[PDB]
């Protein structure tokens, strides 16, 4: 304790920093290998790999019969990806969305609006089955319109990707396990200074990765990672949670998510996603974490 905490906390940070860059660089090479856009590889492989925390957290929480945590973490992640993650990235590297990716973003918007409507009375296991299938359909529709021996260039790409993903997922855990151990060693522990850490802990992979890609001017990869993770949270994390137990209705946050998603579409179609658009997202996020709950 106390001293393994500092060790775990910053070592996890080291793995998050370098792991994100490796995961980003590895994905960018894979995308060029399979002849797909950076958006696509971010909306799929990267998004799912980074949304694995939410999925396993929602499943565990719902099964341990705390479905409030399940949906709370899922929607809290979506809001965080648009407000915080996309907010920081847009400022770092402004994005002018092409006419093709606007179509993917509008589809994302419809998916989110649909989730919000069927979630008013909560999320039944049937609701989850529906969202999970749309999730699969989205992944395939996204890959198709972005598509078309022992190559050492491909192998090196896959290693960077996998080691990078391991780096950010383990790194997010050490960060999480390190901060938790510090608080208890210092007796300052509360347990929504409890489910504060993993709500943010699950979003650390998306954050660092998108920051990494933003440093390399990969706006498409960042945007894809944001869109994909959110869908992977609703159609993936939220869905699995409903399979174990009915999820309580979070209508306030859904409205917030719908509003942020609507804005994201509008900016992508008629404007750009740069400095002042990113500033708005951050402000909304800061208001959200200053006014919301659960």
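Positions refer to the first chain, counted from 1. Just so we're on the same page, rigid core means the largest C-alpha set that superposes within 1.5 Å between forms.
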* **Higher-deviation stretch (C-alpha RMS, rigid core fit) in 8 other deposited structures of this protein, choosing from 210-218 and 196-204** => 196-204
* Out of 187-195 and 171-179, which shows the greater rigid core-aligned C-alpha deviation in 8 other deposited structures of this protein? -> 187-195
* Asked: Counting only residues of the deposited sequence, how many between residue 148 and residue 149 have no atoms in the entry (none, 1 to 3, 4 to 9, 10 or more)?
  -> 4 to 9
* Would you tell me which stretch averages the higher CA B-factor in the PDB entry, 152-160 or 204-212? => 152-160
* Structure fact -> For 36, 243, 227, 45, the deposited C-alpha B-factor is largest at 36
* Asked: Which is it among 25, 10, 273, 282: the one with the largest CA B-factor in the entry?
  -> 10
* Taking the values exactly as deposited, rank residue 29 by C-alpha B-factor within its chain and report the matching third: lowest, middle or highest. => middle
* Structure fact -> Chain-relative C-alpha B factor for residue 16 (record values, thirds): the middle
* Divide the modelled residues of the chain into thirds by Cα B-factor and specify which third, lowest, middle or highest, holds residue 88. => lowest
* Lowest, middle or highest third: where is residue 235 by C-alpha B factor in its chain? -> lowest
* Hey, what third does residue 64 fall into on Cα B-factor, ranked over its chain? -> highest
